[PDB]
Each structure stands twice: as structure tokens, then as C-alpha cells.
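Visitor: sequence first, structure after; it's an experimental one.
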Number of protein chains: 6
Amino acid sequence: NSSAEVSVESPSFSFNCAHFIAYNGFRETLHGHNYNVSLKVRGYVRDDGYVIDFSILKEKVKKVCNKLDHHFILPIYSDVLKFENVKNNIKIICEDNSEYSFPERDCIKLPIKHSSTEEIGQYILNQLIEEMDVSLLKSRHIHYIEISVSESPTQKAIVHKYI
Amino acid sequence: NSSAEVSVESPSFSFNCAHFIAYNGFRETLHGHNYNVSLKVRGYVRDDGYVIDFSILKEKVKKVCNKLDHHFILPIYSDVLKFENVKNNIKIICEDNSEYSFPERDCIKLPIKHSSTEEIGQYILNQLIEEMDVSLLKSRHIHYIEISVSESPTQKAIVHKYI
Amino acid sequence: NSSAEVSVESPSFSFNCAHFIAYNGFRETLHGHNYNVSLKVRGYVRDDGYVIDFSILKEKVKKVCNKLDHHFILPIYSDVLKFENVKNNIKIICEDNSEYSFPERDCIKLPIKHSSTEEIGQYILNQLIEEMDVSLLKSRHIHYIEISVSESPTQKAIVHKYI
Amino acid sequence: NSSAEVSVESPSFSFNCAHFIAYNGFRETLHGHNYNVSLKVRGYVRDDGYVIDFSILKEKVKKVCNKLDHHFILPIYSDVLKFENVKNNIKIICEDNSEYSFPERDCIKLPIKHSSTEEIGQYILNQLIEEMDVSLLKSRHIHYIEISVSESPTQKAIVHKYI
Amino acid sequence: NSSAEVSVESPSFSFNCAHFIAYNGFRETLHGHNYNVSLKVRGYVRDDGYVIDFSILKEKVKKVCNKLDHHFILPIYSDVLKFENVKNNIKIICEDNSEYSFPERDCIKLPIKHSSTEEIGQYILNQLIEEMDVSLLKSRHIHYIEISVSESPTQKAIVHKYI
Amino acid sequence: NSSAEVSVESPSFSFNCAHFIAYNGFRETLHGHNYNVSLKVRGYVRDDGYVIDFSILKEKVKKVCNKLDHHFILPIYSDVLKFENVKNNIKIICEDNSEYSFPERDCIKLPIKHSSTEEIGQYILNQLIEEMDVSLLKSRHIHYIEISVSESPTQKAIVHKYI
Ligand SMILES: C[C@@H](O)[C@@H](O)c1cnc2nc(N)[nH]c(=O)c2n1
Ligand SMILES: C[C@@H](O)[C@@H](O)c1cnc2nc(N)[nH]c(=O)c2n1
Ligand SMILES: C[C@@H](O)[C@@H](O)c1cnc2nc(N)[nH]c(=O)c2n1
Ligand SMILES: C[C@@H](O)[C@@H](O)c1cnc2nc(N)[nH]c(=O)c2n1
Ligand SMILES: [Zn+2]
Ligand SMILES: [Zn+2]
Ligand SMILES: [Zn+2]
Ligand SMILES: [Zn+2]
Ligand SMILES: [Zn+2]
Ligand SMILES: [Zn+2]
């Protein structure tokens, strides 16, 4: 068969963030991770000799990671957390009525229900798909994209999209 | 597409064992390995934000590895070895009439024909599927499980099961 | 020469924490890291065949890491942060008057001036020296201890003590 | 399911070469890489306990890598390069009229259009398939073979063949 | 003891170059490497909490690597090579009278006798010391600096300077 | 300062052996390890541009590893084990009167008291020192040699000799 894949991975494709998981009947304490992203795309060797240039993949991964890096990840779609702006701070109130308060600029609000590695990965995948531009990918006949997001060197989520 | 995978891997998911391969017309000398196990499951992001909790996968891999660790692996289904159990020892007699004798407690008797990485993997996969409980996996809509077993950092076997 | 070293390192010797650095005229946003610890000791091969048992070093590193894991690291000796404890929360007030508030149980209060990797390392080294018991180390003629603490796979601090 | 994979990878499966990419309207400066090869085959556990012996895979990978090691890779099917023999040297003329000249003995002439990691991969895969002998693979019921070629630790190409 | 070290390493701190070693009675064929650089400095925890900021070390390493990346390394102080300018090309004549010719823009002229990993390391160390500025290092009481240069994942040179 | 170090390391510099530790009042069960060796030497950059050629180090490490690979390691100097040859077998009797019996050709008899990683490392170091030849090392002004022996990726011993 003639489809081929290229992938990029680097300790440099990272965002260092704080978070905590909360879902129904469960809340854990604030902590954080070096999240690391790798990207794979399946296409064909085109007339320039590439599936797609490594440098485009690297540039797009770096960009998405840079936006996330150095914040508390706030899942705005959460069904078990309440958020309030008080002065320059976002206040987070949990089901058990415990409270956090951070400067608004420390938080990155992501359209996700939970700050789990799977849902963060889904977010990053959609972002990368937009950054690389769907029509570029189609012109090169790239039909599948996969990202891995590790929350540590021992645990990772892998999400994908057929395009 | 909406299926997602999670995987766990660590130097800690290891068992350090002695063994030798024996099949028709071939027997190698006793030696050993640090075997290492990584586990991946394919499912869907559930309402808790996970495919499945990383901590469940880690706890189950550690348990199966712990049972194997620090033994000679005895393939009880071998077609080319004869086994005797006299007093507190297991004697192994090979086709060329060479013999080994170990204290019975030093052996872990696996229901496999050869102590190859492939066959050890198949056994580990079945064990992990039992540990994780097949009905748990089904309630979360997990449909695929894969383990990699490395006999060293340079060589591994990958076995899977669709469920 | 006759001195010998043993070291242990693993992805498992980790603590996943939130923090931010603050020193005179500088404050960064809340974020987090997978911190990883490796331990090395210099001694002599003793009559049991060891510098010291690897299992002792692993057990002691795991214990110290476990205490830190899953918290916000609070540097109680900070010269640029004011701390208040009201009801069940710790409030942190910075020089620029920005504020953070966490549940008290979310914080691990370390006797350090900054939550830098260097200062966290020094604290870990002192703890491990206490855990391993200085008189045990002396009876085995261990004269040097070194820990590396990485804040990510790309950056680390190395602190030591001659004993 | 009953199919299984075995895989071999090592820093030892490398070839260190110089090259440059040239395609329509693009030429880069001469540089080099440590190319690294990993091999995976999919088959079944046979009556000897193996998908196929690891030692066969390693032996064949090392062989192909050793042929390539320590040369300038020249893509003889290039549509943007001209090659001419002058004394003991091969002269390369680019579209911009820039020129290179190397001794003949320093070039490995590969039947590829571009010295891209993708196309080098396709070359290596064919070679490996011939070295391992297609009918041996068939007798063991091996039906899929995949190689990864990395040009550095951060970027790689993955090519495959169903057989 | 109170001195501490910080270290930075990454697949990102690389330069991908072509070269060949030539010394008395020995010349090898043109090939290439992904050279990788790691930097360690020894100093003291200062009043900001750092030996020195990781970001300064990373910034300076990347800078030096970027200058070298994607060239043929030419050792201008070679006692067994002759270099001559012809049009836009540099001609290299070896002792055996074999010849190379590259465009000028494809060579990085380094003040080294041999393009060995040792001598490239010594060059990089001096450059890094100048980039980081000797008096900044002195004001922070940094007294030792060490770089590792790997020519591949399996072999490296380590050079240092006491300052 | 002008001394420099070169080191070689590879998953290929390995011996896969069985063993068990026995010392006074302690015996563990038969198991095994992939032992991995790395070698470092400190010297000076000589007139060929090297501290010493990487290829000599690699060749010597491979040789010593190859001799050990695929055996049970038998510490002939043990003060708590008794050995007897019975027909083609070596019988090992422990303090608790438990017994092992292996074909003589499965065992490599090492002049060490315990098959600990430290004592194996000491043995390997002396062997490597002999293989590289002390006078070669002296002519190049190499004054220090260090080997690391890991028994797994998480635990290692480091032994050295000033020469
Ligand atoms: C333990 C901690 O990192 C926790 O936040 C955690 C635990 N288990 C998890 N499990 C999955 N699958 N994904 C996660 O993001 C996750 N996250
Ligand atoms: C960056 C350097 O390796 C350059 O020659 C380069 C750039 N982009 C690339 N991209 C792909 N896909 N394959 C290559 O081999 C490749 N090669
Ligand atoms: C094998 C290849 O990298 C060759 O050019 C080579 C061989 N031996 C070497 N040995 C040393 N010490 N340094 C080098 O840079 C070096 N370089
Ligand atoms: C647990 C197992 O590998 C055991 O054989 C073991 C345990 N602890 C050890 N500890 C040291 N220091 N060295 C060893 O070789 C060693 N070896
Ligand atoms: Zn988490
Ligand atoms: Zn084996
Ligand atoms: Zn930080
Ligand atoms: Zn390239
Ligand atoms: Zn080289
Ligand atoms: Zn052991």
C-alpha cells in the first residue's frame, strides 16, 4: 500500500499548566503537569517528496502549545463548577463548596467539560486542524490526523480525526 | 471520528525473570530479562471526561507484573520439555537430555508452550482483561485492548483483543 | 580507586504540583510541572555486595515524592508574598497586590523562600537524608549524596551533600 | 483477535549521511543526519513460539543500514539535478546553477527522486523485504511490514507494505 | 556543601551538519550527524531562587546551535586540508589528492583543526561563554561550565571550563 | 581547564543474564536482567583530534558484554554458596539447603563474591582496562575510566579507576 505517515514529537511541544479534575461526586486538589503533544498525519508522498513538510507540523504544534503554556486550565463547560469574576479574579466554587480564586490573567478558559487529558487533546486537535487549514490538508490528500497528549511520561491520550 | 485511546507505560511496569526458549530442534542457555509492559485501551470520552481512569490501568498492570517478577518462567504446555516434581524441586529435562533443577517456589508456572515474549504477552493480556473486569470495560464502551511486552529496550511484541 | 556509586531514577519518582515563582520585582502566572527525582549515593562495596540496597533508595525517594504530589507548593519563607489563613483557605497576596486563594488542604507548605527547582531540591535532599537515617549511611561509609530534580524533561537542578 | 506484531528498534540501526533536498523551485544547503530505522512485522505466533525471531529482524536491519552509512545520499531519479562524472568525482549541478563535486566513493546512488525521509524509507522497506525473502515471510504467514525512518529524534516517516 | 548545578538538554538543541574527519594519514568519506548540545553550570542558589534562570541557558544554547545548523563544517585550521575559493565555491583538496567542492554559502568555517565532536565542543563552549557574558556569570558566582556534544545518541564529548 | 571526556552508551552494550543475590542470612529467588554498560574515559584532545576514537571504546565494550551474554552468573568467591559438578551440571547449594542445578555450559563463573551490579561492574571495569590495554591509555594520557552498569533502566552502579 502507498499511504505514508509523518510524525513530529519533542519535549519542546509542551505546555506547563495547573488544573484539577472535577466531575459528579469527585474533586481532586489543585496540581499541574508538563503536557506534551505529538502530531501524526497520514497522506501520500507528493511531488515535492513529502507527505507534508516537517516544519509546517512543528510550527503549528508550537503555536497551539504556546497559547496554553503557563496557565490554570479552566473548563468553562463544567457541570460541577461555578465561576464568578470578582474584581481582577476568577472565583471557582466546587460542589462541596470549597473555593479557589485566581487572577483572571492566570486562567485560560477552554471550551471543555473537564480538564482531562482526553478533552484537552480533543481541543488541541480541533485547533491544529484549524491552524494547518483544512483545504491545505485536502490539496495534499491528507486524510487522517492524530495527536497524542501526555500529562506525564507514563500516561497519555490519543485522539484523531478522519478528514 | 470520536473514539479515543489512553495508554500507560513505565519502567515500573516490569518483571525481572529468568527463562530459556525451547522448541523443536532448538534449546538456548538459561538467561534473563527485564520485561516491560505497556497497556493501551480504545474507547470513548465518557461523562467523567475519561476513556477510563489512568489509575485503574496502572493499578492493574502493576498487579499482573508483580505476580511474575523474580521467577524462572516455566512454560507448562511445552512440547519439548519434561517436568518432574521431586521433593521441593522442579526438574526440567530437555530433548538433548540436558537437565535443570530449581526450587519449586522459584518457578512461575505459566500456561504457555514457549516462554517467548509473544506468548508471555498473550498470557498478560488475558490476565489484564480479567483484572479490569470485562463488564466494566463494556459499560464504558471500551472495544479494544492492546499490550506491548518488551524483552529488552530494543525488541518487543504487541498483542491485542477486540472486545 | 575503590569508591563506587549507585543511583536510582524513574518516571515513578515524581510529584505533580502547581506553583509560581515570585522574587523581587517579578511574579509569574500559576502553572505546574511533573517534577522528577533521581538519587545517587557514593560509598563502597560492602560485605553484602552493595554500596547500599537499591530497594532502600527507591522506597525513600517514593515516600518523599508521595508527600509532595498533587499540591500547590507554598514557599512559606517568601520575602515577597503575604500569607493569610482565613476559614479553610490560604490567601496569598503578591507585591503588585494580585491575590490567590486555595483550600488549605491543597497547599503543601515548604520551608523555602522560592518554589524554584533548586530550592525544592535542597528541601528534598534534607528530607531524604533524614529518611535514610544519617547513622545508617555512616555505618556503610556513604560519604556523598546527590539528587537531581527535573521540572521538566529539558531542565533540572542538582544539589548535593558531603556526609 | 489472533494476529501479533514484533518490533525492533535501536540507536544501532542507524546510518549517518549527508544530503540536501531539491525539488521544483527549492534547494537547501548541504547538511546531514543520523537516520534511524525501526522495523515492525505483523503475523501470528507460530509453532516455535514466535511471530518471527527477533535476531532475523535485527540482522537484516543492520545489513541495510550498514550499506547506507557514511555517504552522501544522491537521488539519481531527481528531476531538478544533473549528475556528471569527472575523473574520480561526481559533479552535481542544480537549477540555480550552483554546483557540488564529491569523490565517487563518497556517494551512495539511490533510485529515488528526493533524499527525503519518506523516499529513503520506501527504498529501505523494499530492500528489507528482499533481504528477509518474501517466501520466508509467506511461510510464516507474515502479511504486513512497516518501517519507521527518523531523520532526527523529533521527526520521522512511517512507510508500510501489505504482503 | 552549598554549590548547586542547573542543566538544560533537548532534542531541540541541535545542529544537523555534514563533515568528514581528516588527520595525518587518515581521511573518511563525507557524511553527517544530528549534533546535540547540553549545558550545565555550577554556582549557588541566589536571592532570586536560581543558580541562573533556565530560560537564559536555553536561549543561548539555541542561538549557538542555530548558527551551525544546516552546513558543511569546515575546519579552517586543518593541517591536512587545503582550501581554495573558485567562483562561488570552496574547493577542498586532501592529502591523497581527492577533492570536494561546495558552494561558499553551504560551509560554516570554524576555527578548529578537526571537525571532531571534541573540537566542535570546545568551539561551542567558548561561544556560549561569550553569549552568556563572563561578567554576568561572575556576578552570580558561577564558577564552572560544562557542555556535552553528542554526534549521535550513542557517543558524546564533554568539555568544561572553570571560571 | 583542558581535560576532556568521551563516553559511549547503547542498548546494544548489553548482556542478558540470570542470577540471584546471596549473602549472610539472605537468598532471593532466581531471576534475571538486561544489564547495560556505558563507558567514559577522561583524557585530552590529542593531535588526531580525539580523546580516543569512539570506535575503540565501542568495540571493547561489545566484546566484554558478548562474553557474559546469555548465561547464569555464578559468583565463584561466594561465602554462602557451595558448588559441585555432577556429570554435565553444576549444582549450587544454599545456606538454607535449597538447591539449583544447571548445565555447566549455562553458567559463566566470575571471580566475584556476589552477583550484585556493583561487583559485576568492578569485574567489567578490570576486563575493559585489559582489553583497551593500559599502555595505549597511558600513551594518550588517559587518566580516569568510569563504567556504569545498569541492571534495569531504573537502577545502576558506577565504578571507576584512576590510571
Ligand atoms: C492523578 C491526576 O493527574 C488526575 O488529574 C487524572 C487522573 N486520571 C486520569 N485519567 C484519564 N484517563 N485522564 C486524565 O486526564 C486523568 N487525570
Ligand atoms: C529540516 C531538514 O531535515 C530538511 O532537509 C527537511 C525538511 N522537511 C522535511 N519534511 C519531510 N516530510 N521529510 C523530509 O525528509 C524533510 N527534510
Ligand atoms: C564514526 C564517525 O562519527 C567518525 O567521523 C568519528 C569517529 N570517531 C570519533 N571519535 C571521537 N573521539 N570523536 C569524534 O568526533 C569521532 N568521529
Ligand atoms: C531485586 C533484585 O534485582 C536484586 O537482585 C538486587 C537488589 N538490590 C540491589 N542493590 C544493589 N545496590 N545492587 C544490586 O545488584 C541489587 N540487586
Ligand atoms: Zn492531573
Ligand atoms: Zn530471552
Ligand atoms: Zn515553573
Ligand atoms: Zn534534511
Ligand atoms: Zn562523524
Ligand atoms: Zn537482580
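Guide: Arrived safely, thanks for sending. Residues are numbered from 1 along each chain as shown, chains lettered A, B, ... in the order given. Ligands and ions are numbered 1, 2, ... in the order given.
Visitor: which SS class is residue A:124?
Guide: helix (DSSP: H, G, I helix; E, B strand; the rest coil).
Visitor: surely it touches residue A:149?
Guide: Yes - the criterion here is CB atoms under 8 Å, and residue A:124 meets it with residue A:149 at 6.4 Å. The way it works is simple: take the backbone N, C-alpha and C, and place the C-beta from them, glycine included.
Visitor: hmm, stretch A:8-21 in reach of chain E?
Guide: Yes - Stretch A:8-21 is in contact with chain E by CB under 8 Å from any CB of the partner chain, via A:10-12.
Visitor: ignoring the adjacent residues along the chain, who's closest to residue A:35?
Guide: residue A:15 (5.1 Å; CB to CB, 6 or more residues apart in numbering or on different chains).
Visitor: past the host helix or strand of that neighbour, which element shows up next along the chain?
Guide: Take DSSP states H and E as the rule and residue A:15 turns out to sit in strand A:3-19. Proceeding N to C from strand A:3-19, the next assigned helix or strand is strand A:22-23, under DSSP H and E.
Visitor: can you list contacts of that next one?
Guide: Defining contact as CB atoms under 8 Å, 6 or more residues apart in numbering or on different chains, one finds that strand A:22-23 is touched by A:28, A:78-81, A:94-95, A:114, B:47-49.
Visitor: still on that earlier bit, mutual contacts of residue A:124 and residue A:149, please.
Guide: With CB under 8 Å, 6+ apart, residue A:124 and residue A:149 have common neighbours residue A:37.
Visitor: between the two, tell me which one has more neighbours.
Guide: Taking neighbours as other CB atoms under 10 Å in any protein chain shown, residue A:124 and residue A:149 compare with residue A:149 leading, 26 against 23.
Visitor: tell me what the closest residue to residue A:14 other than its chain neighbours is bridged to.
Guide: Nearest non-adjacent residue to residue A:14, counting by CB to CB, 6+ apart: residue A:36, 5.0 Å away. With DSSP bridges as the criterion, residue A:36 is bridged to residue A:14, residue A:150.
Visitor: skip the chain neighbours and tell me the closest residue to the residue in chain A that chain E sits nearest to.
Guide: Nearest residue of chain A to chain E (CB to the nearest CB) works out as residue A:12 at 4.5 Å. Spatially, and ignoring its direct neighbours in sequence, residue A:12 is nearest to residue E:12 (4.5 Å; CB to CB, 6+ apart).
Visitor: measure that neighbour to residue E:59 for me?
Guide: 12 Å (CB to CB, to the nearest Å).
Visitor: give me the more crowded residue out of those two.
Guide: residue E:12 (21 against 13).
Visitor: my guess is that one meets residue A:11, correct?
Guide: Yes - the criterion here is CB under 8 Å, and residue E:12 meets it with residue A:11 at 7.4 Å.
Visitor: now the angle from the helix or strand that residue A:66 is a member of to strand E:3-19?
Guide: Residue A:66 is part of helix A:54-68, with elements assigned from DSSP H and E. Orientation note: helix A:54-68 sits at an angle of 160 degrees relative to strand E:3-19 (axes from the mean of the first three to the mean of the last three CA atoms, to 10 degrees).
Visitor: quick one: list the elements packing against the following helix or strand past helix A:54-68.
Guide: Next in sequence after helix A:54-68, counting helices and strands by DSSP H and E, comes strand A:72-75. Under the contact definition 3 or more CB pairs under 8 Å, 6 or more residues apart in numbering or on different chains; DSSP states H and E, strand A:72-75 sits against strand A:3-19, strand A:107-110.
Visitor: nearest to ligand 1 among the ones you listed would be which one?
Guide: Ranking the helices and strands packed on strand A:72-75 by proximity to ligand 1 (CB to the nearest ligand atom) places strand A:3-19 first, at 6.8 Å.
Visitor: for chain E, what are the nearby residues on chain A?
Guide: Near chain E, when you scan chain A using CB under 8 Å from any CB, you find A:10-12.
Visitor: now residue A:117: phi and psi?
Guide: Dihedral pair for residue A:117: phi -60, psi -40, per degrees, to the nearest 10.
Visitor: close enough to count as contact, it and residue A:157?
Guide: Yes - the criterion here is CB under 8 Å, and residue A:117 meets it with residue A:157 at 4.4 Å.
Visitor: how close does the most centrally placed residue in chain A sit to ligand 2?
Guide: The residue lying closest to the centre of chain A (CA atoms, centre = their mean) is residue A:124, at 3.3 Å. From residue A:124 over to ligand 2 the distance is 21 Å, taken as CB to the nearest ligand atom, to the nearest Å.
Visitor: now do the same contact list for that residue.
Guide: Contacts of residue A:124 by CB under 8 Å, 6+ apart are A:37, A:64, A:68, A:147, A:149.
Visitor: still on that earlier bit, OK, contacts around the residue nearest to residue A:14?
Guide: Counting by CB under 8 Å, 6+ apart, residue A:36 makes contact with A:9, A:11, A:13-14, A:149-150.
Visitor: so which residue of chain A comes closest to chain C?
Guide: Closest point on chain A to chain C, by CB to the nearest CB, is residue A:32, at 1.1 Å.
Visitor: which positions in chain A make contact with chain B?
Guide: Residues of chain A lying near chain B (CB under 8 Å from any CB): A:21, A:23-24, A:26, A:113-119, A:121-122, A:151, A:153-162.
Visitor: distance from stretch A:91-109 to the middle of the chain?
Guide: Distance of stretch A:91-109 from its chain centroid, counting by CA atoms, centre = their mean, to the nearest Å, is 20 Å.
Visitor: can you give me the buried ones in it?
Guide: By 16 or more other CB atoms under 10 Å in any protein chain shown, the buried positions in stretch A:91-109 come out as A:92, A:94, A:98-103, A:106-108.
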